[PDB]
Amino acid sequence: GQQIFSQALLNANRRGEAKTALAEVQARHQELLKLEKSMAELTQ
Amino acid sequence: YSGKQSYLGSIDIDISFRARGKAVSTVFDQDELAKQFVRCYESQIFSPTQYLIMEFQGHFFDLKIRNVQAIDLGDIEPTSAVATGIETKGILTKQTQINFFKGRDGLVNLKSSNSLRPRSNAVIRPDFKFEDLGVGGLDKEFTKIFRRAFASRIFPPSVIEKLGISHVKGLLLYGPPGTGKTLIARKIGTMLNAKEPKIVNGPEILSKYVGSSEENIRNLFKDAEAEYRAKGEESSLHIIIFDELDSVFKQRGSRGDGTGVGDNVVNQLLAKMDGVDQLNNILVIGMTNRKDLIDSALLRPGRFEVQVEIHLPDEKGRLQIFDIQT
Amino acid sequence: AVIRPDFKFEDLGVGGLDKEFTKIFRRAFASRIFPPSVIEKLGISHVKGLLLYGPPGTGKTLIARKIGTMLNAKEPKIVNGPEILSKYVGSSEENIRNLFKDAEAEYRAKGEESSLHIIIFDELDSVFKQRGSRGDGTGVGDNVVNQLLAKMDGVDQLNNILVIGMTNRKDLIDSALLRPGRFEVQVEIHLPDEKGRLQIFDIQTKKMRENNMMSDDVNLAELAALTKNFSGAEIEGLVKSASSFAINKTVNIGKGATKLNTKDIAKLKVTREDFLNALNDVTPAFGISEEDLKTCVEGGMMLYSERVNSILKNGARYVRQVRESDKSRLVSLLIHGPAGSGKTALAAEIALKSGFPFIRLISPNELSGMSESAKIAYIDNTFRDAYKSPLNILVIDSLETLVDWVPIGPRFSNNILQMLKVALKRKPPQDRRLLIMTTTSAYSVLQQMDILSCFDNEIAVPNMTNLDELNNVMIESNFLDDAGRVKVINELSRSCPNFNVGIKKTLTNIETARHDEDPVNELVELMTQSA
Amino acid sequence: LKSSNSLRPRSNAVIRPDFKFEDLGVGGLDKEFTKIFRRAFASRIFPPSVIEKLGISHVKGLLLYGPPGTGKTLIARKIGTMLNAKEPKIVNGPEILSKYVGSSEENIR
Ligand SMILES: Nc1ncnc2c1ncn2[C@@H]1O[C@H](COP(=O)(O)OP(=O)(O)OP(=O)(O)O)[C@@H](O)[C@H]1O
Ligand SMILES: Nc1ncnc2c1ncn2[C@@H]1O[C@H](COP(=O)(O)OP(=O)(O)OP(=O)(O)O)[C@@H](O)[C@H]1O
Ligand SMILES: Nc1ncnc2c1ncn2[C@@H]1O[C@H](COP(=O)(O)OP(=O)(O)OP(=O)(O)O)[C@@H](O)[C@H]1O
Ligand SMILES: Nc1ncnc2c1ncn2[C@@H]1O[C@H](COP(=O)(O)OP(=O)(O)O)[C@@H](O)[C@H]1O
C-alpha cells in the first residue's frame, strides 16, 4: 500500500547546448557579414 | 452663478506628452510651469476636465484639469471641499496652488520643486471613494486593510524616513466559499496605478526537471530587485497575487509526495520574502479557504502580517449587494 | 587579524542576547586570538562547525548579517539552501565543491598565515535532510550531503574554515553531520527576557526618539511590562502598527478625498493610546497562560465575610512557606466544599496574588474532545513543563470531572486517576519547588477512592447563611436603592430567616430580578424558592 | 466600436429555430429537458444588445446525477453532437493523472 512519483535530470552531454552551437552560428554569421562587406566594396 | 466662490484655491493638472515620440528627460520645474500658466492665462474661467495645450521652451504638452477647488475672497482656510464636478468654476489668481500629476501615459518626468506638496508617483491617487470599488458589504475590513497597508505609501518620504519604519509586504484573506475574497484582489490589482499584477494559479509552479520548481518561484522577484537597485526609493509598487495558497505551502515535515519538492518551494519562498537582502517595494496577496494548513513560519510578522476574515453578510450587506448587482 | 581593533559590540543592533554572544565568542574565535605557536604547543585543534537554531523570528539572521561587518571578517559567502540544486547531472556536487577553492588556494599558498574564510549556509535543513529518506528516484539529494561531508571531514588538513548554519528545525537535519569534527557546537536562541525586551524596545525606538517624533508621555517600561511573550519581530510590528494610527489622523484613507494638513505634518507625534490600540491589534503566537486565570476570576471578589479573609491569609502563609524553606520542595492542598460555593475563583485569586514566575491552570475545558491517550499525554507534558522553573504553582480544577465519574455504574476512568495519584506525590528535580492546589466538590467520593492520603492539608469553603452577607453582596451589586435594599432584607427576615443558598445563584437571581421586576415579588420569590 | 441597439436576429445561433424535443431521441424525461434548456441555452439566443443591457453572464456548468443505467451519457452525447459549436474535448474518468511530478495539473490546464 504505497505509491511514488518520479523526476528527471537532463543529459550531461547537452550541457549548455543553447550556446554550444550558438557561438558557432554567431561566428559563421560574422564571417558572412565580412563576406558581404567585401562584396559591397567590390561591387562599388 | 457662484455667488461667493469666484477664485481658484487649489488646481490639479495632469500633464502628458502630446506626441509619444517627443519624450524628453528634461527636468521640468513645477514653479516655472505655474508661472507660465499665470503669465499666459490670467483672469480666465476653467472647469474640471477642461483641456489645454501648453508650449514650454518649445515643448508641447497636453494639460487636463483633473480637479478644481473654488474659494471666496477672505477665506483664510480652504475649508471648501475639492470638487471634481464640472459645475464648479473659478478665476485664476497669482496665488492658486497648482499641483501637477503625471498624465495617464505617465511619460512626463516632473521635478519636485521646493514645495513639500503631496505630489509623488502616487500609488493611491486623490479623491478615492469607497463607493466606486464595487463591493457591497465589508465596510470595516476595507478600513483596516487600507489603514494598515496603504497608509504609509501616500506620505512624504522624508517623514517616513525619519520615523524609521518599513512598509508592510503581506496580506492574507480567508473565509468560507463564495464570500467575495477574489473580487477584492482583482480590484486592488486593477485600481491602484501600479505595474501589471503577476497572477499565479495555485499549483502552477511545479515542474518536472529537478531544480526547476524552485527557480520558477524566484523568477517572480527579479524585476523588483532590478528596479530597486537603480532608482532606490522612487520605484513603483510591484504586486503579485498567489491564488489558492494552501495547495503547495503546507506545513513542511510530512510525507506528501515521496520526492521532496514542496519543502524546497517553501524554503525558497521563506528565504525570498525576508532573506538577507532588502526589497521594500513589493506586495503579495494571498487567498485560501483553510488557514490552518499554511506553514507557521509564513505567518510571522514581516511575512503576511495583516490577516483578514471575510464572512457572510448581514441584512444591510445583503441590501447593498442587491443594489450593486441590479 | 581576526577582530577589528575598533569594535565594542555596543553599536551593533542585536540586543537582549548577551550570554549567547559571549559563549560564541569564547568557543569559536578564542583559539584564533593568540599567535599560532601556542596552540600547537598546547595540542588543541580549531573548531570548524557552528549551529544556530531557535523558534521563528528570534534574530539569528540578524546576527549572521552583521557578524561579517562587525568583526573585520572576509566578506562571508552566503548561499540559500535550495539554490544549490541544478538540472544537469553532476552540476550540484560541483557547485558545492566550487565554494572552497579560494580557501584551499590560500592555505596551500601561505601555510598557517592564511586569513580566516567564513561561509554561512542559510536554510541548512533544506538540502541536507536525512540521507536514508528513500523514494527510488534521482539521487542528487544524497550525493550533495556526501560531497559536503567529504570536503568537511576528509579536509586534507584544511584548518582555516568555519561554517555557520542557521535553521529552525534541528530534528530534520541529517544525524551524520551532528558529531565531533562536524558542527560541534550548537547554540540555542530562545525568547528574550524582560530586560532584553526593554533593550529591543530602546533599539527600535532610538531613531523615533532622536528626531523628537515621540511624545514625552510614552513610557517604555510600561510597554515592556505589558508585552508578556513578544519576540523581536513582533515588537517591531507593534511599533509600526502603533505608528500607523498616528499616521491615519491627518490622512483619511477612503473617506472624503486626500486631505493632507501640511501644518500638522510638522507636529506628527505618537502617544500612549496609539500604543495601547496597537497592543490590541497585534497578538503573540506563544501565549501558554496568564489569561485563563485572569478570566477565571472575572466576576471578582466581594469579601462578604471573614471566612474569605482567613482563607486568603492561610494561602499567603503557605506561599510564604514554599518560598522560604529549602527542605520543603513540595506542598499539596485540597479545597473542598458544597457545589457552587465558589472554589476556583479563590484558588485563582491566591495564585495571582502569589506572583511566582510560573503559573498555569488545568481544567476540563481544555481537555474536551480529546481521546484518552491524548489526555494522558497532555497531562504528562504539562507536569513535565511545570518541573522546569525555580518556583512553580499548579492549579487543578474539578478533579472529579477529570476522571469521568458518573454514579450509575459507577463508571470512571482508572488510568487517569492512577496517573494523577502517582504524579501528585513526585518531588521535582533537585533545587526546584512546586505548589499544587486542587479543588473538588465530592469529598466523599474521593474518600471512597482512597486517594485522601496524598493531600497535606484541606480547606473548607462554607457558603453564606446570615442575611448580613446577603445585604453586603446586594449593596456591592447596586441592585436597588437604599430603601429597597433595606425593605427586601426586612421582608426576608420574617419570610425565611434560615438561609442556605451559595454565591453564584445569588448573583444570577439578582440579575434576573433586575431585568424583569426589581421589586420584591421576583428577587425574594426566587431566593426563597432556591433555599 | 460600441454596441448601439438596433438588432433582431443573431448571426450564428446555437440551437437554431428548427428544434423540438421530439428530435433528440430521449424519451421519458420531459420536465428535466425544459429546465435544462431554459436555464442554460436561453441566454445565448436573445440578441446580444439586450443581454448586454441586463448585465448578466451565462451559466458555465451542468451536473447530472442518478442511478446506474438511466440515460445520463445519452443526454451528454446528444447535447454535444446536435448543436453548432466546436468539437467536445471528451475526457474519461482517471484519464488526467500522469507519472511525473507536475504533469497532471498541466493536463488539466
Ligand atoms: N460583496 C460581494 N461579495 C461577494 N460576492 C460578490 C459581491 N459583490 C458581487 N459579488 C459577486 O459574487 C461573486 C463572488 O465570488 P468571488 O469571485 O469573489 O469568489 P470567492 O467568493 O472568493 O470564492 P472561492 O473561495 O470559491 O474562490 C463575484 O464573482 C461577484 O460576481
Ligand atoms: N468570594 C467570592 N466573592 C465574590 N465572588 C465570588 C467569590 N467566590 C466566587 N465568586 C464568583 O462566583 C462565581 C462562581 O464561582 P466559581 O465559578 O468558582 O464556582 P464553583 O463553585 O467553583 O463552581 P462549580 O459549582 O461549577 O464547581 C464566579 O463568578 C466567581 O467570580
Ligand atoms: N430515456 C432513454 N431513452 C432511450 N434510451 C435510453 C434511455 N435511457 C437509457 N437508454 C438506453 O440505455 C443505454 C445506456 O444508457 P446510458 O448511456 O445513459 O447510461 P448511463 O445512465 O450513463 O449509465 P452508467 O451509470 O452505467 O454510466 C443507452 O444507449 C440507451 O440505448
Ligand atoms: N534582538 C533582536 N531579536 C529579534 N529580532 C530583532 C532584534 N533586533 C531587531 N530585530 C528584528 O527582528 C527581525 C529578526 O528576525 P529574523 O532573525 O530575520 O527571523 P528568523 O529568526 O526567522 O531569521 C528583523 O526584522 C530585525 O530587524
# chains A, B, ... in the order shown; residues from 1 in each chain; ligands from 1

$ residues_around --residues "segment 50-53 of chain D" --least-positions-apart "6" --cutoff "9 Å" --atoms "only C-alpha atoms" --output "VMD selection string"
chain D and resid 5 43 to 44

$ write_last_selection --atoms "N, CA and C atoms" --output "mmCIF file, in the first residue's frame"
data_model
loop_
_atom_site.group_PDB
_atom_site.id
_atom_site.type_symbol
_atom_site.label_atom_id
_atom_site.label_comp_id
_atom_site.auth_asym_id
_atom_site.auth_seq_id
_atom_site.Cartn_x
_atom_site.Cartn_y
_atom_site.Cartn_z
ATOM 1 N N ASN D 5 -27.828 49.474 -30.522
ATOM 2 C CA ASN D 5 -29.083 48.862 -30.108
ATOM 3 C C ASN D 5 -29.736 48.035 -31.208
ATOM 4 N N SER D 43 -29.988 32.165 -22.639
ATOM 5 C CA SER D 43 -29.300 33.445 -22.692
ATOM 6 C C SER D 43 -28.335 33.554 -23.862
ATOM 7 N N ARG D 44 -28.242 32.528 -24.701
ATOM 8 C CA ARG D 44 -27.381 32.560 -25.872
ATOM 9 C C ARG D 44 -28.166 32.720 -27.162
#

$ closest_atom_pairs --of "chain D" --to "ligand 3" --cutoff "8 Å" --atoms "only C-alpha atoms and all ligand atoms" --output "JSON lines"
{"residue": "D:25", "atom": "CA", "partner": "ligand 3", "partner_atom_place_in_ligand_line": "4 (C)", "distance": 6.7}
{"residue": "D:26", "atom": "CA", "partner": "ligand 3", "partner_atom_place_in_ligand_line": "3 (N)", "distance": 4.3}
{"residue": "D:27", "atom": "CA", "partner": "ligand 3", "partner_atom_place_in_ligand_line": "3 (N)", "distance": 4.4}
{"residue": "D:28", "atom": "CA", "partner": "ligand 3", "partner_atom_place_in_ligand_line": "1 (N)", "distance": 5.3}
{"residue": "D:29", "atom": "CA", "partner": "ligand 3", "partner_atom_place_in_ligand_line": "1 (N)", "distance": 6.5}
{"residue": "D:66", "atom": "CA", "partner": "ligand 3", "partner_atom_place_in_ligand_line": "25 (O)", "distance": 7.4}
{"residue": "D:67", "atom": "CA", "partner": "ligand 3", "partner_atom_place_in_ligand_line": "25 (O)", "distance": 6.1}
{"residue": "D:68", "atom": "CA", "partner": "ligand 3", "partner_atom_place_in_ligand_line": "25 (O)", "distance": 3.5}
{"residue": "D:69", "atom": "CA", "partner": "ligand 3", "partner_atom_place_in_ligand_line": "23 (O)", "distance": 3.7}
{"residue": "D:70", "atom": "CA", "partner": "ligand 3", "partner_atom_place_in_ligand_line": "21 (O)", "distance": 3.8}
{"residue": "D:71", "atom": "CA", "partner": "ligand 3", "partner_atom_place_in_ligand_line": "18 (O)", "distance": 2.8}
{"residue": "D:72", "atom": "CA", "partner": "ligand 3", "partner_atom_place_in_ligand_line": "18 (O)", "distance": 4.2}
{"residue": "D:73", "atom": "CA", "partner": "ligand 3", "partner_atom_place_in_ligand_line": "22 (O)", "distance": 4.0}
{"residue": "D:74", "atom": "CA", "partner": "ligand 3", "partner_atom_place_in_ligand_line": "18 (O)", "distance": 4.3}
{"residue": "D:75", "atom": "CA", "partner": "ligand 3", "partner_atom_place_in_ligand_line": "18 (O)", "distance": 6.9}

$ residues_near_ligand --ligand "ligand 1" --cutoff "8 Å" --atoms "only C-alpha atoms and all ligand atoms" --output "number ranges by chain"
B: 134-138, 175-184, 244, 287-289, 317, 321, 324-325

$ write_last_selection --atoms "N, CA and C atoms" --output "PDB file, in the first residue's frame"
ATOM      1  N   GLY B 134     -16.979  48.878  -5.974  1.00  0.00           N
ATOM      2  CA  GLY B 134     -17.957  47.942  -6.477  1.00  0.00           C
ATOM      3  C   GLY B 134     -18.147  46.699  -5.640  1.00  0.00           C
ATOM      4  N   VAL B 135     -17.832  46.749  -4.350  1.00  0.00           N
ATOM      5  CA  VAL B 135     -18.000  45.620  -3.445  1.00  0.00           C
ATOM      6  C   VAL B 135     -18.971  46.039  -2.355  1.00  0.00           C
ATOM      7  N   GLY B 136     -20.063  45.294  -2.216  1.00  0.00           N
ATOM      8  CA  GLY B 136     -21.034  45.577  -1.181  1.00  0.00           C
ATOM      9  C   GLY B 136     -20.710  44.837   0.104  1.00  0.00           C
ATOM     10  N   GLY B 137     -21.140  45.413   1.220  1.00  0.00           N
ATOM     11  CA  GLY B 137     -20.753  44.868   2.499  1.00  0.00           C
ATOM     12  C   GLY B 137     -19.278  45.132   2.744  1.00  0.00           C
ATOM     13  N   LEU B 138     -18.786  44.566   3.840  1.00  0.00           N
ATOM     14  CA  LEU B 138     -17.375  44.659   4.191  1.00  0.00           C
ATOM     15  C   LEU B 138     -16.917  46.116   4.177  1.00  0.00           C
ATOM     16  N   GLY B 175     -11.702  32.787   4.429  1.00  0.00           N
ATOM     17  CA  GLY B 175     -13.096  32.669   4.773  1.00  0.00           C
ATOM     18  C   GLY B 175     -13.763  31.543   4.010  1.00  0.00           C
ATOM     19  N   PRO B 176     -15.069  31.387   4.193  1.00  0.00           N
ATOM     20  CA  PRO B 176     -15.780  30.295   3.535  1.00  0.00           C
ATOM     21  C   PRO B 176     -15.987  30.583   2.061  1.00  0.00           C
ATOM     22  N   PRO B 177     -16.398  29.586   1.285  1.00  0.00           N
ATOM     23  CA  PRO B 177     -16.528  29.786  -0.162  1.00  0.00           C
ATOM     24  C   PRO B 177     -17.616  30.787  -0.505  1.00  0.00           C
ATOM     25  N   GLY B 178     -17.329  31.632  -1.490  1.00  0.00           N
ATOM     26  CA  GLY B 178     -18.345  32.487  -2.066  1.00  0.00           C
ATOM     27  C   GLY B 178     -18.565  33.812  -1.376  1.00  0.00           C
ATOM     28  N   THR B 179     -17.670  34.228  -0.487  1.00  0.00           N
ATOM     29  CA  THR B 179     -17.888  35.446   0.277  1.00  0.00           C
ATOM     30  C   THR B 179     -17.318  36.680  -0.399  1.00  0.00           C
ATOM     31  N   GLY B 180     -16.553  36.515  -1.470  1.00  0.00           N
ATOM     32  CA  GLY B 180     -16.031  37.650  -2.199  1.00  0.00           C
ATOM     33  C   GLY B 180     -14.585  37.953  -1.872  1.00  0.00           C
ATOM     34  N   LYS B 181     -13.746  36.924  -1.797  1.00  0.00           N
ATOM     35  CA  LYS B 181     -12.345  37.109  -1.451  1.00  0.00           C
ATOM     36  C   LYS B 181     -11.436  37.104  -2.666  1.00  0.00           C
ATOM     37  N   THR B 182     -11.990  36.942  -3.865  1.00  0.00           N
ATOM     38  CA  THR B 182     -11.219  37.104  -5.086  1.00  0.00           C
ATOM     39  C   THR B 182     -11.584  38.364  -5.847  1.00  0.00           C
ATOM     40  N   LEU B 183     -12.793  38.884  -5.653  1.00  0.00           N
ATOM     41  CA  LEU B 183     -13.141  40.177  -6.223  1.00  0.00           C
ATOM     42  C   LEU B 183     -12.245  41.272  -5.667  1.00  0.00           C
ATOM     43  N   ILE B 184     -11.987  41.227  -4.362  1.00  0.00           N
ATOM     44  CA  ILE B 184     -11.164  42.245  -3.722  1.00  0.00           C
ATOM     45  C   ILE B 184      -9.772  42.258  -4.329  1.00  0.00           C
ATOM     46  N   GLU B 244      -5.095  30.370  -4.332  1.00  0.00           N
ATOM     47  CA  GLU B 244      -5.167  29.070  -3.676  1.00  0.00           C
ATOM     48  C   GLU B 244      -3.837  28.722  -3.012  1.00  0.00           C
ATOM     49  N   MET B 287      -4.913  34.182  -0.836  1.00  0.00           N
ATOM     50  CA  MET B 287      -6.300  33.771  -0.704  1.00  0.00           C
ATOM     51  C   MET B 287      -6.346  32.287  -0.393  1.00  0.00           C
ATOM     52  N   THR B 288      -7.315  31.881   0.418  1.00  0.00           N
ATOM     53  CA  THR B 288      -7.410  30.485   0.822  1.00  0.00           C
ATOM     54  C   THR B 288      -8.743  30.264   1.520  1.00  0.00           C
ATOM     55  N   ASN B 289      -9.095  28.987   1.673  1.00  0.00           N
ATOM     56  CA  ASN B 289     -10.270  28.587   2.430  1.00  0.00           C
ATOM     57  C   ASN B 289      -9.928  27.866   3.720  1.00  0.00           C
ATOM     58  N   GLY B 317     -25.751  44.407   4.533  1.00  0.00           N
ATOM     59  CA  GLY B 317     -24.862  43.941   3.485  1.00  0.00           C
ATOM     60  C   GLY B 317     -25.625  43.333   2.326  1.00  0.00           C
ATOM     61  N   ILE B 321     -25.546  44.569  -1.535  1.00  0.00           N
ATOM     62  CA  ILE B 321     -25.201  43.684  -2.640  1.00  0.00           C
ATOM     63  C   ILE B 321     -26.316  43.675  -3.670  1.00  0.00           C
ATOM     64  N   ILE B 324     -26.073  46.760  -5.699  1.00  0.00           N
ATOM     65  CA  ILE B 324     -24.950  46.761  -6.628  1.00  0.00           C
ATOM     66  C   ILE B 324     -25.257  45.892  -7.838  1.00  0.00           C
ATOM     67  N   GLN B 325     -25.797  44.699  -7.606  1.00  0.00           N
ATOM     68  CA  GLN B 325     -25.985  43.758  -8.702  1.00  0.00           C
ATOM     69  C   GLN B 325     -27.001  44.274  -9.712  1.00  0.00           C
TER      70      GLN B 325
END

$ residues_near_ligand --ligand "ligand 2" --cutoff "10 Å" --atoms "only C-alpha atoms and all ligand atoms" --output "number ranges by chain"
C: 295-305, 307-309, 311-312, 335-349, 397-401, 439-442, 461, 463, 473, 476, 502-508

$ residues_near_ligand --ligand "ligand 4" --cutoff "9 Å" --atoms "only C-alpha atoms and all ligand atoms" --output "short mmCIF file (atom, residue, chain, number, x, y, z; two decimals) with N, CA and C atoms, in the first residue's frame"
data_model
loop_
_atom_site.label_atom_id
_atom_site.label_comp_id
_atom_site.auth_asym_id
_atom_site.auth_seq_id
_atom_site.Cartn_x
_atom_site.Cartn_y
_atom_site.Cartn_z
N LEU B 270 10.35 31.28 1.82
CA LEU B 270 10.77 31.81 3.11
C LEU B 270 12.01 32.67 2.96
N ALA B 271 12.98 32.20 2.19
CA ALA B 271 14.24 32.91 2.07
C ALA B 271 14.13 34.13 1.17
N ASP B 274 11.82 37.51 3.19
CA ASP B 274 12.61 38.32 4.11
C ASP B 274 14.10 38.24 3.80
N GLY B 275 14.66 37.03 3.80
CA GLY B 275 16.01 36.83 3.31
C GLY B 275 17.04 37.74 3.95
N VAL B 276 18.19 37.86 3.29
CA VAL B 276 19.30 38.67 3.76
C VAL B 276 19.47 39.93 2.93
N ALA B 297 5.89 29.39 9.74
CA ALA B 297 6.90 30.42 9.52
C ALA B 297 6.43 31.51 8.58
N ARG B 300 4.59 34.75 10.45
CA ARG B 300 5.28 35.65 11.35
C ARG B 300 5.24 37.07 10.80
N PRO B 301 5.17 38.08 11.67
CA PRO B 301 5.24 39.46 11.19
C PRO B 301 6.52 39.69 10.40
N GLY B 302 6.39 40.44 9.31
CA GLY B 302 7.41 40.53 8.30
C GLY B 302 7.07 39.73 7.06
N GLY C 13 23.29 46.12 16.40
CA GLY C 13 21.87 46.17 16.71
C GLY C 13 21.44 45.12 17.71
N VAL C 14 21.97 43.91 17.59
CA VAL C 14 21.49 42.78 18.38
C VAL C 14 21.53 43.15 19.85
N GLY C 15 20.38 43.08 20.51
CA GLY C 15 20.30 43.37 21.92
C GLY C 15 19.35 42.41 22.61
N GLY C 16 19.62 42.17 23.89
CA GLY C 16 18.87 41.20 24.66
C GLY C 16 19.48 39.82 24.68
N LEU C 17 20.43 39.53 23.79
CA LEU C 17 21.17 38.27 23.76
C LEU C 17 22.64 38.60 23.95
N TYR C 53 20.02 27.71 16.19
CA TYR C 53 18.65 27.28 16.00
C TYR C 53 17.77 27.88 17.09
N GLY C 54 16.50 28.08 16.74
CA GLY C 54 15.52 28.64 17.64
C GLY C 54 14.18 28.80 16.96
N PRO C 55 13.20 29.32 17.69
CA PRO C 55 11.86 29.49 17.12
C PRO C 55 11.84 30.56 16.04
N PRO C 56 10.80 30.58 15.21
CA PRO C 56 10.76 31.54 14.10
C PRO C 56 10.74 32.98 14.59
N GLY C 57 11.69 33.77 14.12
CA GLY C 57 11.69 35.18 14.43
C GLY C 57 12.34 35.52 15.75
N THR C 58 13.61 35.15 15.92
CA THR C 58 14.33 35.42 17.15
C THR C 58 15.58 36.25 16.95
N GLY C 59 16.11 36.33 15.74
CA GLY C 59 17.17 37.28 15.44
C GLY C 59 18.43 36.65 14.87
N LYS C 60 18.37 35.36 14.54
CA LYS C 60 19.58 34.68 14.09
C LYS C 60 20.08 35.27 12.79
N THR C 61 19.18 35.52 11.84
CA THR C 61 19.61 36.07 10.56
C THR C 61 20.23 37.45 10.74
N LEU C 62 19.77 38.21 11.72
CA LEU C 62 20.39 39.50 12.01
C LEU C 62 21.84 39.32 12.42
N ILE C 63 22.10 38.36 13.31
CA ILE C 63 23.47 38.07 13.72
C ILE C 63 24.31 37.70 12.52
N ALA C 64 23.77 36.82 11.68
CA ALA C 64 24.53 36.39 10.51
C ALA C 64 24.84 37.57 9.61
N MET C 166 22.30 28.18 10.04
CA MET C 166 21.13 28.69 10.75
C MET C 166 19.90 27.92 10.30
N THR C 167 19.10 27.47 11.26
CA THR C 167 17.93 26.66 10.95
C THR C 167 16.85 26.92 11.98
N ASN C 168 15.65 26.42 11.68
CA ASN C 168 14.51 26.50 12.58
C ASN C 168 14.10 25.14 13.12
N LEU C 191 13.44 32.82 23.45
CA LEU C 191 12.74 34.09 23.54
C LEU C 191 13.39 35.01 24.56
N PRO C 192 13.31 36.32 24.36
CA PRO C 192 14.03 37.25 25.22
C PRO C 192 13.40 37.35 26.60
N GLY C 196 15.89 42.16 28.19
CA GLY C 196 16.14 42.13 26.76
C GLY C 196 15.01 42.76 25.98
N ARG C 197 13.78 42.60 26.47
CA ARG C 197 12.64 43.26 25.85
C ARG C 197 12.79 44.77 25.91
N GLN C 199 15.63 46.37 26.10
CA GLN C 199 16.71 46.71 25.19
C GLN C 199 16.21 46.76 23.75
N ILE C 200 15.42 45.78 23.35
CA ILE C 200 14.88 45.75 22.00
C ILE C 200 13.99 46.96 21.76
N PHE C 201 13.15 47.29 22.73
CA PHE C 201 12.28 48.46 22.58
C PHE C 201 13.09 49.73 22.42
N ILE C 203 16.15 49.93 21.19
CA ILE C 203 16.81 49.92 19.90
C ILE C 203 15.82 50.30 18.81
N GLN C 204 14.60 49.76 18.88
CA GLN C 204 13.62 50.03 17.85
C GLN C 204 13.20 51.49 17.84
N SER C 231 8.37 38.43 20.85
CA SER C 231 9.74 38.38 20.35
C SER C 231 10.09 39.70 19.66
N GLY C 232 11.29 39.75 19.08
CA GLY C 232 11.75 40.99 18.47
C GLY C 232 10.90 41.40 17.28
N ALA C 233 10.61 40.44 16.39
CA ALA C 233 9.85 40.75 15.20
C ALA C 233 8.47 41.28 15.56
N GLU C 234 7.82 40.66 16.54
CA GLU C 234 6.52 41.13 16.97
C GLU C 234 6.61 42.51 17.60
N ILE C 235 7.70 42.82 18.29
CA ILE C 235 7.87 44.15 18.84
C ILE C 235 7.99 45.19 17.73
N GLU C 236 8.76 44.87 16.69
CA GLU C 236 8.86 45.80 15.56
C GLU C 236 7.51 45.99 14.89
N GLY C 237 6.77 44.89 14.70
CA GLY C 237 5.44 45.00 14.14
C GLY C 237 4.54 45.88 14.99
#

$ residues_around --residues "segment 232-239 of chain B" --least-positions-apart "2" --cutoff "8 Å" --atoms "only C-alpha atoms" --output "PyMOL selection string"
chain B and resi 121+123+189+194-198+224+227-230+241+281-285

$ atom_distance --atom1 "atom CA of residue 498 of chain C" --atom2 "atom CA of residue 445 of chain C"
28.6 Å

$ select_by_dssp --residues "segment 22-129 of chain C" --states "helix (DSSP H, G or I)" --output "PyMOL selection string"
chain C and resi 22-32+36-42+60-70+81-83+91-96+101-113+124-126

$ interface_residues --of "chain D" --to "chain A" --cutoff "7 Å" --atoms "only C-alpha atoms" --output "VMD selection string"
chain D and resid 99 to 101

$ interface_residues --of "chain B" --to "chain A" --cutoff "10 Å" --atoms "only C-alpha atoms" --output "PDB file with N, CA, C and O atoms, in the first residue's frame"
ATOM      1  N   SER B 207       7.310  21.690 -11.642  1.00  0.00           N
ATOM      2  CA  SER B 207       7.836  21.332 -12.949  1.00  0.00           C
ATOM      3  C   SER B 207       8.620  20.036 -12.827  1.00  0.00           C
ATOM      4  O   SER B 207       9.015  19.624 -11.734  1.00  0.00           O
ATOM      5  N   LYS B 208       8.851  19.403 -13.975  1.00  0.00           N
ATOM      6  CA  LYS B 208       9.423  18.063 -13.979  1.00  0.00           C
ATOM      7  C   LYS B 208      10.889  18.086 -13.569  1.00  0.00           C
ATOM      8  O   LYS B 208      11.280  17.465 -12.576  1.00  0.00           O
ATOM      9  N   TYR B 209      11.717  18.793 -14.330  1.00  0.00           N
ATOM     10  CA  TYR B 209      13.155  18.688 -14.146  1.00  0.00           C
ATOM     11  C   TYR B 209      13.562  19.131 -12.751  1.00  0.00           C
ATOM     12  O   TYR B 209      13.028  20.099 -12.203  1.00  0.00           O
ATOM     13  N   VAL B 210      14.528  18.412 -12.179  1.00  0.00           N
ATOM     14  CA  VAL B 210      14.981  18.716 -10.832  1.00  0.00           C
ATOM     15  C   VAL B 210      15.567  20.116 -10.797  1.00  0.00           C
ATOM     16  O   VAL B 210      16.331  20.517 -11.684  1.00  0.00           O
ATOM     17  N   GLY B 211      15.207  20.873  -9.767  1.00  0.00           N
ATOM     18  CA  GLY B 211      15.755  22.199  -9.597  1.00  0.00           C
ATOM     19  C   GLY B 211      15.100  23.263 -10.442  1.00  0.00           C
ATOM     20  O   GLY B 211      15.621  24.381 -10.511  1.00  0.00           O
ATOM     21  N   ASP B 257       4.588  13.527  -1.039  1.00  0.00           N
ATOM     22  CA  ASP B 257       4.795  13.035  -2.395  1.00  0.00           C
ATOM     23  C   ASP B 257       5.789  11.892  -2.483  1.00  0.00           C
ATOM     24  O   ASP B 257       5.585  10.963  -3.267  1.00  0.00           O
ATOM     25  N   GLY B 258       6.857  11.933  -1.696  1.00  0.00           N
ATOM     26  CA  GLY B 258       7.943  10.990  -1.825  1.00  0.00           C
ATOM     27  C   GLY B 258       9.102  11.485  -2.655  1.00  0.00           C
ATOM     28  O   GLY B 258      10.002  10.695  -2.963  1.00  0.00           O
ATOM     29  N   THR B 259       9.107  12.758  -3.029  1.00  0.00           N
ATOM     30  CA  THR B 259      10.206  13.378  -3.752  1.00  0.00           C
ATOM     31  C   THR B 259      10.842  14.513  -2.971  1.00  0.00           C
ATOM     32  O   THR B 259      12.070  14.606  -2.914  1.00  0.00           O
TER      33      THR B 259
END

$ interface_residues --of "chain D" --to "chain B" --cutoff "10 Å" --atoms "only C-alpha atoms" --output "JSON, numbers by chain"
{"D": [54, 55, 56, 100, 101, 102, 103, 105, 106, 109]}

$ write_last_selection --atoms "C-alpha atoms" --output "mmCIF file, in the first residue's frame"
data_model
loop_
_atom_site.group_PDB
_atom_site.id
_atom_site.type_symbol
_atom_site.label_atom_id
_atom_site.label_comp_id
_atom_site.auth_asym_id
_atom_site.auth_seq_id
_atom_site.Cartn_x
_atom_site.Cartn_y
_atom_site.Cartn_z
ATOM 1 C CA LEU D 54 -29.061 43.469 -18.368
ATOM 2 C CA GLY D 55 -25.501 42.947 -17.133
ATOM 3 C CA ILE D 56 -25.730 39.174 -16.665
ATOM 4 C CA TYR D 100 5.879 12.875 -13.438
ATOM 5 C CA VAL D 101 5.812 15.415 -10.651
ATOM 6 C CA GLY D 102 3.949 18.202 -12.438
ATOM 7 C CA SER D 103 2.133 16.701 -15.417
ATOM 8 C CA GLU D 105 -2.079 19.757 -13.336
ATOM 9 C CA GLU D 106 -0.689 20.635 -16.752
ATOM 10 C CA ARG D 109 -4.658 23.207 -17.716
#
